[PDB]
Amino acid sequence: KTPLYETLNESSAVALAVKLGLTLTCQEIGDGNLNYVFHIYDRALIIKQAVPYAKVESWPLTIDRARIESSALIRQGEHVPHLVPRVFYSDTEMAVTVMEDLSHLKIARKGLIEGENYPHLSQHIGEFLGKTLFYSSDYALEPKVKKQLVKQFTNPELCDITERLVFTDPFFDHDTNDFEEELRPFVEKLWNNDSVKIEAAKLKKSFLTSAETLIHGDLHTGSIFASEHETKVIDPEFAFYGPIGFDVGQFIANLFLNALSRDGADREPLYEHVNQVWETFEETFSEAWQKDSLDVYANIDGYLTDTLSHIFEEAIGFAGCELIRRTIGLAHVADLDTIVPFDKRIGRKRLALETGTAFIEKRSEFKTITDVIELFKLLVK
């Protein structure tokens, strides 16, 4: 058999949607250069397709990621179908996912920067977190089943992006970092900080080795669609078997990153979201543990409590890496880069480094999410 992959265009995408049985118009609406996102109208549909390195950032990547993203979306839909787009069709060789159109929603990072507060965002994401992370763990699944899922969701290339960018590069004078010269005194203070780098190393080691559950792997505010009443998580291409606290930490850090871009009393909705997302995660995870654990140890008093404390500790450490990583690393966030005037931008970026560092160092000292919030507020006054 011949190679089946062919790069879609707007006409090809309409032809595909028809051949698959789902007068039409199509527009390519993709935000980056690694994927095409084809919007098809009249009822609407999205066809997403991975772009191979030769035709593309980038970042040399195979189109295998499309298989991960599709399979991860489908898995999430079995547990939280109201919190992810529906998937109608997918194909590994064509590297295509056909999914629900969510054009009536706005990317959460964009809305947050515009000053939208999204009152239910943390309640929805906390539920997403609690259910996705529990139901794919050894707590919820027979170990033989979970062990096959580890193989199926092994994601070497995309893991390599996170291992480098989240956990390694910002902490050294590496080629991928990207920061203003005004920041250099403070960046160098990080590079020279042995005790924080040792802690980042341990966190990386956990990312590399702790195959606890199927994670989303890139759950930032730009990876969520939002309106006042709805929330949908997208693009689980980084999915693999990793630490439970990782997704929780990345999301929380992106909430703090937005808080930093804001001023004064405007920060309060974000601090409320940090509190609510932890609380809802913990409640959701705990309810799932109680009802659906297969573990004979699950209902011994203190075991769930200690499990949550460890997830919490790692989540805050991971949050700290993300705070740092987004500030001086290859991949930045609009929350910080669009701060004006310039000297304010530098000052707030200095604070993301300082808060990130404190999170990493003090992760095992915090007892509750409010301790984390209260420490943050003091540091950013």
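Start at 1 and count along the sequence shown; that's the residue number.
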{"property": "Other entries modelling both neighbours but not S58, at least a third", "result": "yes"}
{"property": "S12 coordinate gap across at least a third of other entries", "result": "no"}
{"property": "Unmodelled deposited residues between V56 and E57, binned", "result": "1 to 3"}
{"property": "Residues with no coordinates between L22 and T23, taken from the deposited sequence as a class", "result": "4 to 9"}
{"property": "Mean C-alpha B-factor comparison - 323-331 and 43-51, higher one", "result": "43-51"}
{"property": "Stretch with the greater mean C-alpha B-factor as recorded in the entry, comparing 211-219 against 260-268", "result": "260-268"}
{"property": "Largest Cα B-factor, entry values, listed residues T305, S136, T162, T92", "result": "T92"}
{"property": "Chain-wide C-alpha B factor ranking for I339, given as lowest, middle or highest third", "result": "middle"}
{"property": "Third assignment of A315 from its chain's C-alpha B-factors", "result": "lowest"}
{"property": "Third of the chain, ranked by Cα B-factor, where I252 sits", "result": "lowest"}
{"property": "Among modelled residues of the same chain, the CA temperature factor third for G126", "result": "lowest"}
{"property": "Ranked C-alpha temperature factor of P185 among modelled chain residues, by third", "result": "highest"}
